[PDB]
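In: need a 3D model of the following:
(chains A and B, ligands or ions: 2)
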Amino acid sequence: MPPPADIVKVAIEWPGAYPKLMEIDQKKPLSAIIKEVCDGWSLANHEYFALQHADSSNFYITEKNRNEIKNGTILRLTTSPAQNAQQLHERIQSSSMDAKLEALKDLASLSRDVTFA
Amino acid sequence: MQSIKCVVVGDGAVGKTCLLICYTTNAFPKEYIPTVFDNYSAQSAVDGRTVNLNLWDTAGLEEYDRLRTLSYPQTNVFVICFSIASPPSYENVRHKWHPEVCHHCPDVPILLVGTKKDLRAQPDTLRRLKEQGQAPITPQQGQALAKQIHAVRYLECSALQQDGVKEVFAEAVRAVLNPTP
Ligand SMILES: Nc1nc2c(ncn2[C@@H]2O[C@H](COP(=O)(O)OP(=O)(O)OP(=O)(O)O)[C@@H](O)[C@H]2O)c(=O)[nH]1
Ligand SMILES: [Mg+2]
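Out: Residues are numbered from 1 along each chain as shown, chains lettered A, B, ... in the order given. Ligands and ions are numbered 1, 2, ... in the order given. Below, you will see the structure:
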């Protein structure tokens, strides 16, 4: 029954964002944590970004995968899995070539993400 | 209000976070703090001048060195905490701590802190170190580190006795407010 350590001192990043380390509580809905992170990086439009582990996963933090936020695991905020999916419709089907190739290596790396899937 | 990013560096099990939690939160951590790194803020006065401290409790691990070296930028004073009970932590300050804080911040002032000055005389620490073939860091030894690695001052603290804690961090601040010559 009892919850794990919710108060967790984790790094929170966004590609290009210098991490700021707080005592994040995991109980509140992830919309609020993403909200505070995004406002910290001056980001509105919270639903279009989802945190992700800076682990080798690159897997986006939804409610399914935030019990993997352990002390010291860097959080790397980035586009939410739906936004990554739309990005991929436009940069996987398009007529650009290098963009398709790199975006498709991204899509291959990201297919393992059930949250993105 | 003037802030100083005082990234407190120093090995594991030597007393960074003990000194900080005795300073920012005024408690002596019972057990070796599992540290990645933290952000605090207190209200301290330095030789009659009150100052703001936004502090950083960096890790002593070899593992998250990339994150701790991300912390070194924006730092204005480097507090290196090494155990007097464990002068191998002093040797690590000589090999990695001061060198890495300087490679990430050259000429940015460094305080040198000898944690556990209360153990230079405690029987357990002396007997343990003599059984380890080393002696607790004498103030001359830490001062030799300070002269060698250009520390602004070599202080000593005892978070167990709450010794020098506020003094340690005020000196860290005045390493920047009043640059040492
Ligand atoms: N007796 C005594 N022990 C101390 C003192 N300061 C630290 N310690 C011991 O050091 C251990 C670890 O505390 P810290 O020195 O803060 O650990 P740290 O330097 O922050 O290193 P990390 O937390 O791993 O990043 C504690 O369990 C204490 O037993 C002190 O002033 N007196
Ligand atoms: Mg520490």
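In: which strands or helices does the lengthiest helix in chain A pack on?
Out: The residue-count maximum for a helix in chain A (DSSP state H) belongs to helix A:98-111. Helices and strands touching helix A:98-111, by 3 or more Cβ pairs under 8 Å, 6 or more residues apart in numbering or on different chains; DSSP states H and E, are helix A:81-92. All C-beta spots, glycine's among them, are computed from the backbone N, C-alpha and C.
In: pull the residues that contact the helix it packs on.
Out: With contact meaning Cβ atoms under 8 Å, 6 or more residues apart in numbering or on different chains, helix A:81-92 is reached by A:48-50, A:60, A:62, A:78-79, A:99-100, A:103-104, A:106-107, A:110, A:113, A:115-116.
In: follow-up on the earlier one: what comes up buried for the longest helix of chain A?
Out: By neighbour count on 16 or more other Cβ atoms under 10 Å in any protein chain shown, the buried set for helix A:98-111 is A:103, A:106-107, A:110.
In: just stretch B:141-159 next, same as before
Out: B:141-143, B:145-146, B:149, B:151-159.
In: and which of those is nearest residue A:72?
Out: The closest of the buried residues of stretch B:141-159 to residue A:72 turns out to be residue B:159 (Cβ to Cβ; 23.0 Å).
In: shouldn't that closest one be in contact with residue B:27?
Out: No - counting by Cβ atoms under 8 Å, residue B:159 stays clear of residue B:27, with 9.1 Å between them.
In: and the residue nearest to residue B:57 when sequence neighbours are not counted, what does it touch?
Out: Distances taken as Cβ to Cβ, 6 or more residues apart in numbering or on different chains place residue B:38 nearest to residue B:57, at 3.8 Å, with adjacent residues excluded. Contact partners of residue B:38, counting by Cβ under 8 Å, 6+ apart, are A:9, A:21, B:17, B:20, B:55-57.
In: again with residue A:31
Out: With Cβ under 8 Å, 6+ apart, residue A:31 has these contacts: A:46-47.
In: so it: helix, strand or coil?
Out: Of the three states, residue A:31 takes helix according to DSSP: H, G, I helix; E, B strand; the rest coil.
In: and the helices in chain B, which stretches?
Out: B:16-23, B:65-71, B:87-92, B:98-104, B:123-131, B:139-148, B:165-177.
In: who does residue B:114 bridge with?
Out: For residue B:114, the beta-bridge partners are residue B:82, residue B:156 (DSSP bridges).
In: separation between it and ligand 2?
Out: In this view, residue B:114 and ligand 2 are 16 Å apart by Cβ to the ion, to the nearest Å.
In: how much space between residue A:40 and ligand 2?
Out: Distance of residue A:40 to ligand 2, given as Cβ to the ion: 24 Å.
In: what do you get for residue B:82?
Out: Counting by Cβ to the ion, the gap from residue B:82 to ligand 2 is 11 Å.
In: near that residue, how many other residues are there?
Out: 31 (other Cβ atoms under 10 Å in any protein chain shown).
In: residue A:56 too?
Out: By other Cβ under 10 Å, the residues close to residue A:56 number 7.
In: next: residue B:124.
Out: Count around residue B:124 with other Cβ under 10 Å applied: 9.
In: now swap in the one 4 residues further on and tell me
Out: Taking other Cβ under 10 Å as the neighbour definition, residue B:128 ends up with a count of 15.
In: for it, what are its contacts?
Out: By Cβ under 8 Å, 6+ apart, the residues touching residue B:128 are residue B:85.
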